[PDB]
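Structure data follow from entry-v6.tsv (TSV, C-alpha atoms and all ligand atoms):
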chain	number	residue	atom	x	y	z
A	1	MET	CA	10.33	-2.94	36.03
A	2	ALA	CA	10.53	-0.32	33.23
A	3	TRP	CA	7.35	0.16	31.12
A	4	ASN	CA	6.35	1.64	27.78
A	5	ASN	CA	2.84	2.44	26.60
A	6	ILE	CA	2.30	3.51	22.95
A	7	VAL	CA	-1.04	4.62	21.52
A	8	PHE	CA	-1.91	5.67	17.93
A	9	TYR	CA	-4.60	8.32	17.65
A	10	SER	CA	-6.14	8.40	14.16
A	11	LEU	CA	-7.68	11.50	12.56
A	12	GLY	CA	-10.66	11.12	10.22
A	13	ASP	CA	-11.11	14.31	8.22
A	14	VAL	CA	-12.69	14.33	4.72
A	15	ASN	CA	-11.44	17.11	2.37
A	16	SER	CA	-11.48	17.87	-1.37
A	17	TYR	CA	-9.27	19.70	-3.85
A	18	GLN	CA	-10.04	20.79	-7.40
A	19	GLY	CA	-7.44	20.25	-10.13
A	20	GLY	CA	-9.65	21.65	-12.90
A	21	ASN	CA	-9.32	20.93	-16.62
A	22	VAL	CA	-6.02	19.19	-17.37
A	23	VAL	CA	-4.15	18.02	-20.39
A	24	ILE	CA	-2.56	14.61	-20.08
A	25	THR	CA	1.03	16.12	-19.80
A	26	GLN	CA	0.24	18.15	-16.64
A	27	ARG	CA	1.22	17.15	-13.11
A	28	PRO	CA	-1.72	18.79	-11.28
A	29	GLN	CA	-1.34	19.29	-7.58
A	30	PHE	CA	-3.36	18.92	-4.45
A	31	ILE	CA	-2.68	20.08	-0.90
A	32	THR	CA	-3.27	17.88	2.14
A	33	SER	CA	-3.65	19.92	5.32
A	34	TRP	CA	-3.52	18.83	8.91
A	35	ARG	CA	-6.78	19.75	10.67
A	36	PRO	CA	-6.81	19.48	14.50
A	37	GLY	CA	-9.80	17.48	15.68
A	38	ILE	CA	-11.15	14.41	17.39
A	39	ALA	CA	-9.00	11.30	16.94
A	40	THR	CA	-9.79	7.64	17.60
A	41	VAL	CA	-7.38	5.03	18.92
A	42	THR	CA	-6.77	2.45	16.15
A	43	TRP	CA	-3.68	0.75	17.70
A	44	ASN	CA	-1.84	0.43	21.01
A	45	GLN	CA	0.86	-1.56	22.76
A	46	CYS	CA	1.04	-1.27	26.53
A	47	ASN	CA	2.77	-2.90	29.47
A	48	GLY	CA	2.62	-0.09	32.10
A	49	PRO	CA	0.03	1.55	34.37
A	50	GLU	CA	-3.36	2.40	32.84
A	51	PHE	CA	-3.32	6.02	34.02
A	52	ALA	CA	-1.44	8.70	36.01
A	53	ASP	CA	-3.28	10.47	38.87
A	54	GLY	CA	-1.34	13.77	38.85
A	55	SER	CA	1.11	12.85	41.64
A	56	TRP	CA	3.92	10.84	39.93
A	57	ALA	CA	6.38	11.34	37.04
A	58	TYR	CA	6.28	9.70	33.59
A	59	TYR	CA	7.87	10.66	30.25
A	60	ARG	CA	6.27	11.64	26.91
A	61	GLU	CA	7.45	11.08	23.32
A	62	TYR	CA	4.98	12.09	20.56
A	63	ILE	CA	5.41	11.49	16.81
A	64	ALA	CA	2.96	12.57	14.07
A	65	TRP	CA	2.43	10.27	11.07
A	66	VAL	CA	1.00	10.60	7.56
A	67	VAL	CA	0.91	7.38	5.49
A	68	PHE	CA	-0.10	8.15	1.91
A	69	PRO	CA	-0.46	5.95	-1.20
A	70	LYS	CA	2.05	6.13	-4.07
A	71	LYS	CA	-0.58	4.93	-6.56
A	72	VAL	CA	-4.37	5.22	-6.64
A	73	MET	CA	-6.78	3.42	-8.94
A	74	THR	CA	-9.62	5.41	-10.51
A	75	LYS	CA	-13.17	3.86	-10.35
A	76	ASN	CA	-12.85	3.15	-14.13
A	77	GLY	CA	-9.67	1.03	-13.43
A	78	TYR	CA	-6.69	3.32	-14.27
A	79	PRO	CA	-3.58	4.08	-12.16
A	80	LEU	CA	-2.77	7.62	-10.99
A	81	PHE	CA	0.82	8.03	-9.84
A	82	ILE	CA	1.20	10.13	-6.70
A	83	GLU	CA	4.39	12.17	-6.33
A	84	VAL	CA	5.58	14.42	-3.47
A	85	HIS	CA	5.83	18.07	-4.58
A	86	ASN	CA	6.53	19.81	-1.24
A	87	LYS	CA	6.73	17.98	2.10
A	88	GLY	CA	7.87	20.97	4.20
A	89	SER	CA	9.57	19.90	7.51
A	90	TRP	CA	8.17	16.34	7.40
A	91	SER	CA	10.65	13.45	7.64
A	92	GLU	CA	10.01	11.26	4.55
A	93	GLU	CA	11.10	7.76	5.67
A	94	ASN	CA	11.23	4.14	4.45
A	95	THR	CA	11.45	5.47	0.86
A	96	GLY	CA	12.01	1.99	-0.64
A	97	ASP	CA	8.38	0.93	0.05
A	98	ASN	CA	6.68	0.57	-3.36
A	99	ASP	CA	3.13	1.25	-2.11
A	100	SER	CA	3.17	3.99	0.56
A	101	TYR	CA	4.89	7.26	1.53
A	102	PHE	CA	5.70	7.62	5.25
A	103	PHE	CA	5.92	11.15	6.67
A	104	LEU	CA	6.89	11.45	10.36
A	105	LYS	CA	7.42	14.38	12.70
A	106	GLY	CA	8.81	13.70	16.14
A	107	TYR	CA	7.98	16.87	18.09
A	108	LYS	CA	8.11	15.85	21.76
A	109	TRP	CA	10.60	13.60	23.54
A	110	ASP	CA	12.00	12.97	27.05
A	111	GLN	CA	9.33	15.26	28.48
A	112	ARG	CA	8.81	14.68	32.21
A	113	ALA	CA	5.11	14.91	33.11
A	114	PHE	CA	3.01	14.42	36.25
A	115	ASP	CA	-0.52	15.36	35.48
A	116	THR	CA	-3.53	13.12	35.26
A	117	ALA	CA	-3.84	11.26	32.02
A	118	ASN	CA	-5.00	7.99	30.52
A	119	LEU	CA	-1.69	6.34	29.52
A	120	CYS	CA	-3.18	3.56	27.38
A	121	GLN	CA	-6.48	4.46	25.79
A	122	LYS	CA	-8.04	1.41	24.08
A	123	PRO	CA	-9.08	1.04	20.42
A	124	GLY	CA	-12.24	3.03	19.70
A	125	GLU	CA	-11.66	5.54	22.54
A	126	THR	CA	-11.23	9.19	21.57
A	127	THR	CA	-9.30	12.35	22.37
A	128	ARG	CA	-9.05	15.83	20.89
A	129	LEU	CA	-5.67	16.37	19.14
A	130	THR	CA	-4.93	20.13	19.19
A	131	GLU	CA	-1.62	19.93	17.26
A	132	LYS	CA	-1.15	21.58	13.88
A	133	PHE	CA	1.42	20.32	11.39
A	134	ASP	CA	2.57	21.47	8.01
A	135	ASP	CA	0.73	20.88	4.75
A	136	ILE	CA	2.00	18.27	2.27
A	137	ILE	CA	1.65	19.13	-1.46
A	138	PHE	CA	1.38	16.23	-3.89
A	139	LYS	CA	1.30	16.08	-7.70
A	140	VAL	CA	-0.27	13.48	-9.97
A	141	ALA	CA	1.08	11.83	-13.09
A	142	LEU	CA	-1.74	10.62	-15.36
A	143	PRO	CA	-1.27	7.62	-17.70
A	144	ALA	CA	-1.47	8.55	-21.40
A	145	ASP	CA	-4.33	6.09	-22.02
A	146	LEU	CA	-6.52	7.64	-19.27
A	147	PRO	CA	-10.00	7.95	-20.84
A	148	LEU	CA	-11.24	11.49	-21.44
A	149	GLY	CA	-13.66	13.02	-19.00
A	150	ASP	CA	-14.45	13.76	-15.38
A	151	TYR	CA	-12.46	12.19	-12.49
A	152	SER	CA	-13.41	12.24	-8.80
A	153	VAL	CA	-10.76	10.23	-7.01
A	154	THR	CA	-11.22	9.31	-3.37
A	155	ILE	CA	-7.76	8.91	-1.84
A	156	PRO	CA	-8.04	7.31	1.65
A	157	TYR	CA	-4.98	7.86	3.88
A	158	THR	CA	-3.82	7.60	7.50
A	159	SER	CA	-2.83	10.53	9.67
A	160	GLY	CA	-2.50	10.74	13.41
A	161	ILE	CA	-0.23	10.88	16.42
A	162	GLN	CA	1.74	8.15	18.11
A	163	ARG	CA	1.84	8.95	21.87
A	164	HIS	CA	4.49	7.07	23.87
A	165	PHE	CA	4.42	7.18	27.69
A	166	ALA	CA	7.30	5.61	29.60
A	167	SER	CA	8.67	5.20	33.08
A	168	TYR	CA	12.12	6.61	32.22
A	169	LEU	CA	14.07	9.41	30.59
A	170	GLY	CA	15.44	8.56	27.15
A	171	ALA	CA	12.52	6.38	26.00
A	172	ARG	CA	12.20	5.91	22.22
A	173	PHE	CA	9.71	3.97	20.13
A	174	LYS	CA	8.53	4.04	16.51
A	175	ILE	CA	5.51	2.05	15.25
A	176	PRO	CA	6.94	-0.39	12.62
A	177	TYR	CA	6.36	0.91	9.08
A	178	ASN	CA	4.52	-2.28	8.06
A	179	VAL	CA	2.09	-1.84	11.00
A	180	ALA	CA	1.63	1.92	10.12
A	181	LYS	CA	0.69	1.10	6.53
A	182	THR	CA	-1.97	-1.34	7.78
A	183	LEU	CA	-3.63	1.20	10.17
A	184	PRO	CA	-7.22	2.35	9.21
A	185	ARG	CA	-7.06	5.03	6.49
A	186	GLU	CA	-9.66	7.32	8.04
A	187	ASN	CA	-8.79	10.52	6.20
A	188	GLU	CA	-9.97	11.16	2.62
A	189	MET	CA	-8.73	13.55	-0.05
A	190	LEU	CA	-11.27	13.78	-2.88
A	191	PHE	CA	-9.29	15.02	-5.91
A	192	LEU	CA	-11.49	16.38	-8.70
A	193	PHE	CA	-10.26	17.03	-12.25
A	194	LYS	CA	-11.23	16.60	-15.88
A	195	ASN	CA	-9.01	14.93	-18.45
A	196	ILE	CA	-9.16	17.09	-21.64
A	197	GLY	CA	-6.71	14.74	-23.36
A	198	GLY	CA	-3.46	15.39	-25.20
B	201	LIG	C1	18.98	14.76	24.22
B	201	LIG	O1	19.48	14.74	22.90
B	201	LIG	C2	18.64	14.44	21.83
B	201	LIG	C3	19.25	14.44	20.59
B	201	LIG	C4	18.52	14.19	19.41
B	201	LIG	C5	17.15	13.94	19.53
B	201	LIG	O2	16.50	13.77	18.31
B	201	LIG	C6	15.10	13.90	18.31
B	201	LIG	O3	14.62	12.63	18.73
B	201	LIG	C7	13.20	12.60	18.81
B	201	LIG	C8	12.81	11.29	19.45
B	201	LIG	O4	11.38	11.21	19.58
B	201	LIG	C9	12.60	12.83	17.42
B	201	LIG	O5	12.92	11.76	16.53
B	201	LIG	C10	11.85	10.97	16.04
B	201	LIG	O6	11.21	11.59	14.93
B	201	LIG	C11	12.03	11.77	13.76
B	201	LIG	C12	11.18	12.43	12.69
B	201	LIG	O7	10.80	13.74	13.06
B	201	LIG	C13	12.59	10.43	13.29
B	201	LIG	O8	11.52	9.61	12.83
B	201	LIG	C14	13.32	9.77	14.44
B	201	LIG	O9	13.82	8.51	14.02
B	201	LIG	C15	12.37	9.60	15.62
B	201	LIG	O10	13.02	8.97	16.72
B	201	LIG	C16	13.11	14.16	16.87
B	201	LIG	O11	12.59	14.45	15.57
B	201	LIG	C17	14.62	14.17	16.89
B	201	LIG	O12	15.07	15.46	16.46
B	201	LIG	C18	16.52	13.92	20.80
B	201	LIG	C19	17.26	14.17	21.96
Would you encode the structure as structure tokens?
Ligand SMILES: COc1ccc(O[C@@H]2O[C@H](CO)[C@H](O[C@H]3O[C@H](CO)[C@H](O)[C@H](O)[C@H]3O)[C@H](O)[C@H]2O)cc1
Amino acid sequence: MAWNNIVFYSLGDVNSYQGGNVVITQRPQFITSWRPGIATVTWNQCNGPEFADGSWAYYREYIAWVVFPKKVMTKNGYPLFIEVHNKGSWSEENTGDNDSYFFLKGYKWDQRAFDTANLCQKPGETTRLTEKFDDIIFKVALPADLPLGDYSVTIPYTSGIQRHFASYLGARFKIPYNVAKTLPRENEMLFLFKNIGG
């Protein structure tokens, strides 16, 4: 029978970005970059063989994901409104969700492969993801009642690659958006700025 194995490899990079001194009318920006590194399985769904031994054909479909919040609360209890400034080539999907942005990039599909590989790594197992993807530039709208002073906002978010292995040519799968937005948010963008007022 036909089989499909899908595994989500989660990246866990911590980065920071300085917005500097801002007046309340500014939309200061921050850049999120994709850093190749070690990723951990945080989700899978498999019904096929556990691994390929280098002698038989299977098919690959890989899709990169970034799931980012639309609103973040400061530690003093105020909302910061996150807006997309420049998403590059990313596919911005499921735009009606009120809480999260979904950025996808399907970069490999229908690729026949033979070589040895674990086709269904379990949660907590790791691999090195060598892929590089485009930056995403966001901008922040501050509420007019934001208290004056220093802000250091930790924005947790999910980024990683969905790897789909199948027994046939033409195989397609996408992790449901509501599962993707409930995946561990292992990346962090620490946005630093100071509210000078208005
Ligand atoms: C053989 O002919 C083909 C015609 C068109 C194709 O489209 C590509 O399909 C890919 C399938 O993995 C991939 O699409 C995925 O990723 C997109 C975002 O980048 C989007 O989320 C799609 O819904 C998703 O399926 C490529 O991006 C498509 O260009 C493939 C073969």
Stretch 114-197 of chain A residues near stretch 23-30 of chain A within 9 Å, closest pair each, using all atoms listed in the file, as JSON lines:
{"residue": "A:136", "atom": "CA", "partner": "A:30", "partner_atom": "CA", "distance": 8.6}
{"residue": "A:137", "atom": "CA", "partner": "A:30", "partner_atom": "CA", "distance": 5.8}
{"residue": "A:138", "atom": "CA", "partner": "A:30", "partner_atom": "CA", "distance": 5.5}
{"residue": "A:139", "atom": "CA", "partner": "A:29", "partner_atom": "CA", "distance": 4.2}
{"residue": "A:140", "atom": "CA", "partner": "A:27", "partner_atom": "CA", "distance": 5.1}
{"residue": "A:141", "atom": "CA", "partner": "A:27", "partner_atom": "CA", "distance": 5.3}
{"residue": "A:142", "atom": "CA", "partner": "A:24", "partner_atom": "CA", "distance": 6.2}
{"residue": "A:143", "atom": "CA", "partner": "A:24", "partner_atom": "CA", "distance": 7.5}
{"residue": "A:144", "atom": "CA", "partner": "A:24", "partner_atom": "CA", "distance": 6.3}
{"residue": "A:145", "atom": "CA", "partner": "A:24", "partner_atom": "CA", "distance": 8.9}
{"residue": "A:146", "atom": "CA", "partner": "A:24", "partner_atom": "CA", "distance": 8.1}
{"residue": "A:189", "atom": "CA", "partner": "A:30", "partner_atom": "CA", "distance": 8.8}
{"residue": "A:191", "atom": "CA", "partner": "A:30", "partner_atom": "CA", "distance": 7.2}
{"residue": "A:193", "atom": "CA", "partner": "A:28", "partner_atom": "CA", "distance": 8.8}
{"residue": "A:194", "atom": "CA", "partner": "A:23", "partner_atom": "CA", "distance": 8.5}
{"residue": "A:195", "atom": "CA", "partner": "A:23", "partner_atom": "CA", "distance": 6.1}
{"residue": "A:196", "atom": "CA", "partner": "A:23", "partner_atom": "CA", "distance": 5.2}
{"residue": "A:197", "atom": "CA", "partner": "A:23", "partner_atom": "CA", "distance": 5.1}
Discussion item. Given all atoms listed in the file as the basis, pick out the residue of A:85, A:71, A:132, A:105 nearest to ligand LIG 201 (chain B).
Written reply: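 Of A:85, A:71, A:132, A:105, the one nearest ligand LIG 201 (chain B), counting all atoms listed in the file, is A:105.
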Worksheet item: Interatomic distance between atom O9 of ligand LIG 201 (chain B) and atom CA of residue A:33?
Response: 22.6 Å
Give the residue list for ligand LIG 201 (chain B) at 12 Å, counting only C-alpha atoms and all ligand atoms, as a PDB file with C-alpha atoms, in the coordinates of the input, sorted by chain and then by residue number.
ATOM      1  CA  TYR A  59       7.870  10.660  30.250  1.00  0.00           C
ATOM      2  CA  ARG A  60       6.270  11.640  26.910  1.00  0.00           C
ATOM      3  CA  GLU A  61       7.450  11.080  23.320  1.00  0.00           C
ATOM      4  CA  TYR A  62       4.980  12.090  20.560  1.00  0.00           C
ATOM      5  CA  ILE A  63       5.410  11.490  16.810  1.00  0.00           C
ATOM      6  CA  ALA A  64       2.960  12.570  14.070  1.00  0.00           C
ATOM      7  CA  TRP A  65       2.430  10.270  11.070  1.00  0.00           C
ATOM      8  CA  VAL A  66       1.000  10.600   7.560  1.00  0.00           C
ATOM      9  CA  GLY A  88       7.870  20.970   4.200  1.00  0.00           C
ATOM     10  CA  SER A  89       9.570  19.900   7.510  1.00  0.00           C
ATOM     11  CA  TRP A  90       8.170  16.340   7.400  1.00  0.00           C
ATOM     12  CA  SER A  91      10.650  13.450   7.640  1.00  0.00           C
ATOM     13  CA  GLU A  92      10.010  11.260   4.550  1.00  0.00           C
ATOM     14  CA  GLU A  93      11.100   7.760   5.670  1.00  0.00           C
ATOM     15  CA  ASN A  94      11.230   4.140   4.450  1.00  0.00           C
ATOM     16  CA  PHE A 102       5.700   7.620   5.250  1.00  0.00           C
ATOM     17  CA  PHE A 103       5.920  11.150   6.670  1.00  0.00           C
ATOM     18  CA  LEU A 104       6.890  11.450  10.360  1.00  0.00           C
ATOM     19  CA  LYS A 105       7.420  14.380  12.700  1.00  0.00           C
ATOM     20  CA  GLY A 106       8.810  13.700  16.140  1.00  0.00           C
ATOM     21  CA  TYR A 107       7.980  16.870  18.090  1.00  0.00           C
ATOM     22  CA  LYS A 108       8.110  15.850  21.760  1.00  0.00           C
ATOM     23  CA  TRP A 109      10.600  13.600  23.540  1.00  0.00           C
ATOM     24  CA  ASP A 110      12.000  12.970  27.050  1.00  0.00           C
ATOM     25  CA  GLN A 111       9.330  15.260  28.480  1.00  0.00           C
ATOM     26  CA  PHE A 133       1.420  20.320  11.390  1.00  0.00           C
ATOM     27  CA  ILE A 161      -0.230  10.880  16.420  1.00  0.00           C
ATOM     28  CA  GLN A 162       1.740   8.150  18.110  1.00  0.00           C
ATOM     29  CA  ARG A 163       1.840   8.950  21.870  1.00  0.00           C
ATOM     30  CA  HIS A 164       4.490   7.070  23.870  1.00  0.00           C
ATOM     31  CA  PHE A 165       4.420   7.180  27.690  1.00  0.00           C
ATOM     32  CA  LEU A 169      14.070   9.410  30.590  1.00  0.00           C
ATOM     33  CA  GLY A 170      15.440   8.560  27.150  1.00  0.00           C
ATOM     34  CA  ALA A 171      12.520   6.380  26.000  1.00  0.00           C
ATOM     35  CA  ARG A 172      12.200   5.910  22.220  1.00  0.00           C
ATOM     36  CA  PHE A 173       9.710   3.970  20.130  1.00  0.00           C
ATOM     37  CA  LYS A 174       8.530   4.040  16.510  1.00  0.00           C
ATOM     38  CA  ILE A 175       5.510   2.050  15.250  1.00  0.00           C
ATOM     39  CA  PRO A 176       6.940  -0.390  12.620  1.00  0.00           C
ATOM     40  CA  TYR A 177       6.360   0.910   9.080  1.00  0.00           C
TER      41      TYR A 177
END
Worksheet item: When distances are computed from all atoms listed in the file, which of A:76, A:40, A:159, A:21 shows the smallest separation from residue A:185?
Response: A:159
Discussion item. Quick one: residues within 9 Å of residue A:12, all atoms listed in the file, excluding same-chain residues fewer than 3 positions away - as JSON, numbers by chain?
Written reply: {"A": [37, 38, 39, 40, 158, 159, 160, 185, 186, 187, 188]}
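Here the question is which of A:181, A:135, A:47, A:120 gets nearest to residue A:97 using all atoms listed in the file, and that residue is A:181.
From atom CA of residue A:67 back to atom CA of residue A:14, the distance works out to 15.3 Å.
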Item to complete: Work out how far apart atom CA of residue A:118 and atom CA of residue A:9 are and give it in Å to one decimal.
Response: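 Between atom CA of residue A:118 and atom CA of residue A:9 the gap works out to 12.9 Å.
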Worksheet item: So, counting all atoms listed in the file, which residue among A:121, A:16, A:127, A:10 is closest to residue A:183?
Response: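 Going through A:121, A:16, A:127, A:10 one by one, the smallest distance to residue A:183 is for A:10.
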Discussion item. If we count all atoms listed in the file and set the cut-off at 12 Å, which residues sit around residue A:51, ignoring sequence neighbours fewer than 3 positions away in its own chain? Please answer as a list in words.
Written reply: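 So, after excluding close chain neighbours, the residues are residues 5, 46, 47, 48, 54, 55, 56, 57, 58, 114, 115, 116, 117, 118, 119, 120, 121, 122, 165 and 166 of chain A.
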Could you list as a PDB file with C-alpha atoms, in the coordinates of the input every residue that has an atom within 12 Å of (-8.0, 1.9, -10.5), using the file's coordinates and counting all atoms listed in the file?
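Saved the output as point29.pdb:
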ATOM      1  CA  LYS A  71      -0.580   4.930  -6.560  1.00  0.00           C
ATOM      2  CA  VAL A  72      -4.370   5.220  -6.640  1.00  0.00           C
ATOM      3  CA  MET A  73      -6.780   3.420  -8.940  1.00  0.00           C
ATOM      4  CA  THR A  74      -9.620   5.410 -10.510  1.00  0.00           C
ATOM      5  CA  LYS A  75     -13.170   3.860 -10.350  1.00  0.00           C
ATOM      6  CA  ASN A  76     -12.850   3.150 -14.130  1.00  0.00           C
ATOM      7  CA  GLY A  77      -9.670   1.030 -13.430  1.00  0.00           C
ATOM      8  CA  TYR A  78      -6.690   3.320 -14.270  1.00  0.00           C
ATOM      9  CA  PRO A  79      -3.580   4.080 -12.160  1.00  0.00           C
ATOM     10  CA  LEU A  80      -2.770   7.620 -10.990  1.00  0.00           C
ATOM     11  CA  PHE A  81       0.820   8.030  -9.840  1.00  0.00           C
ATOM     12  CA  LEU A 142      -1.740  10.620 -15.360  1.00  0.00           C
ATOM     13  CA  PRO A 143      -1.270   7.620 -17.700  1.00  0.00           C
ATOM     14  CA  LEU A 146      -6.520   7.640 -19.270  1.00  0.00           C
ATOM     15  CA  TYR A 151     -12.460  12.190 -12.490  1.00  0.00           C
ATOM     16  CA  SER A 152     -13.410  12.240  -8.800  1.00  0.00           C
ATOM     17  CA  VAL A 153     -10.760  10.230  -7.010  1.00  0.00           C
ATOM     18  CA  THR A 154     -11.220   9.310  -3.370  1.00  0.00           C
ATOM     19  CA  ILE A 155      -7.760   8.910  -1.840  1.00  0.00           C
TER      20      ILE A 155
END
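Among the candidates A:86, A:95, A:167, A:42, the one nearest to residue A:184 when counting only C-alpha atoms is A:42.
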Item to complete: Tell me which of A:149, A:124, A:156, A:36 sits closest to residue A:20, counting all atoms listed in the file.
Response: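 Among the listed residues, the smallest separation from residue A:20 belongs to A:149.
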Using the incomplete input, complete stretch 136-152 of chain A to the level of N, CA, C and O atoms; output as an mmCIF file, in the frame of the given file.
data_model
loop_
_atom_site.group_PDB
_atom_site.id
_atom_site.type_symbol
_atom_site.label_atom_id
_atom_site.label_comp_id
_atom_site.auth_asym_id
_atom_site.auth_seq_id
_atom_site.Cartn_x
_atom_site.Cartn_y
_atom_site.Cartn_z
ATOM 1 N N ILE A 136 1.210 19.073 3.195
ATOM 2 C CA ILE A 136 2.000 18.270 2.270
ATOM 3 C C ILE A 136 1.339 18.485 0.901
ATOM 4 O O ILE A 136 0.125 18.301 0.772
ATOM 5 N N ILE A 137 2.132 18.896 -0.104
ATOM 6 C CA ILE A 137 1.650 19.130 -1.460
ATOM 7 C C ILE A 137 2.085 17.975 -2.319
ATOM 8 O O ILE A 137 3.267 17.631 -2.341
ATOM 9 N N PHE A 138 1.110 17.334 -2.979
ATOM 10 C CA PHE A 138 1.380 16.230 -3.890
ATOM 11 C C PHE A 138 1.061 16.660 -5.319
ATOM 12 O O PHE A 138 0.372 17.652 -5.537
ATOM 13 N N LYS A 139 1.581 15.910 -6.277
ATOM 14 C CA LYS A 139 1.300 16.080 -7.700
ATOM 15 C C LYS A 139 1.017 14.725 -8.306
ATOM 16 O O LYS A 139 1.421 13.694 -7.754
ATOM 17 N N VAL A 140 0.214 14.717 -9.374
ATOM 18 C CA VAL A 140 -0.270 13.480 -9.970
ATOM 19 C C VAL A 140 0.170 13.306 -11.393
ATOM 20 O O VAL A 140 -0.069 14.179 -12.210
ATOM 21 N N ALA A 141 0.756 12.160 -11.714
ATOM 22 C CA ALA A 141 1.080 11.830 -13.090
ATOM 23 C C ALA A 141 -0.051 10.955 -13.624
ATOM 24 O O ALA A 141 -0.386 9.938 -13.007
ATOM 25 N N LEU A 142 -0.657 11.359 -14.747
ATOM 26 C CA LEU A 142 -1.740 10.620 -15.360
ATOM 27 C C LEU A 142 -1.188 9.694 -16.448
ATOM 28 O O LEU A 142 -0.277 10.085 -17.181
ATOM 29 N N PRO A 143 -1.740 8.482 -16.611
ATOM 30 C CA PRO A 143 -1.270 7.620 -17.700
ATOM 31 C C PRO A 143 -1.840 8.117 -19.021
ATOM 32 O O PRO A 143 -2.974 8.646 -19.057
ATOM 33 N N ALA A 144 -1.071 7.988 -20.114
ATOM 34 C CA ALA A 144 -1.470 8.550 -21.400
ATOM 35 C C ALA A 144 -2.729 7.951 -21.991
ATOM 36 O O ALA A 144 -3.360 8.584 -22.835
ATOM 37 N N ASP A 145 -3.111 6.740 -21.547
ATOM 38 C CA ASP A 145 -4.330 6.090 -22.020
ATOM 39 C C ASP A 145 -5.525 6.369 -21.106
ATOM 40 O O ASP A 145 -6.573 5.768 -21.300
ATOM 41 N N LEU A 146 -5.406 7.310 -20.148
ATOM 42 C CA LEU A 146 -6.520 7.640 -19.270
ATOM 43 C C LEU A 146 -7.706 8.095 -20.139
ATOM 44 O O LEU A 146 -7.557 9.032 -20.926
ATOM 45 N N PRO A 147 -8.882 7.476 -20.017
ATOM 46 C CA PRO A 147 -10.000 7.950 -20.840
ATOM 47 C C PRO A 147 -10.335 9.416 -20.568
ATOM 48 O O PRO A 147 -10.197 9.918 -19.444
ATOM 49 N N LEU A 148 -10.810 10.101 -21.594
ATOM 50 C CA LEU A 148 -11.240 11.490 -21.440
ATOM 51 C C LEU A 148 -12.404 11.566 -20.496
ATOM 52 O O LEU A 148 -13.214 10.636 -20.427
ATOM 53 N N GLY A 149 -12.496 12.692 -19.801
ATOM 54 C CA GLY A 149 -13.660 13.020 -19.000
ATOM 55 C C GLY A 149 -13.399 13.323 -17.556
ATOM 56 O O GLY A 149 -12.270 13.597 -17.145
ATOM 57 N N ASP A 150 -14.493 13.348 -16.766
ATOM 58 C CA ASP A 150 -14.450 13.760 -15.380
ATOM 59 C C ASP A 150 -13.883 12.712 -14.443
ATOM 60 O O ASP A 150 -14.197 11.555 -14.648
ATOM 61 N N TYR A 151 -13.040 13.093 -13.500
ATOM 62 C CA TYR A 151 -12.460 12.190 -12.490
ATOM 63 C C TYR A 151 -12.690 12.745 -11.099
ATOM 64 O O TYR A 151 -12.464 13.917 -10.855
ATOM 65 N N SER A 152 -13.165 11.882 -10.176
ATOM 66 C CA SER A 152 -13.410 12.240 -8.800
ATOM 67 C C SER A 152 -12.791 11.104 -8.034
ATOM 68 O O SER A 152 -13.386 10.025 -7.952
#
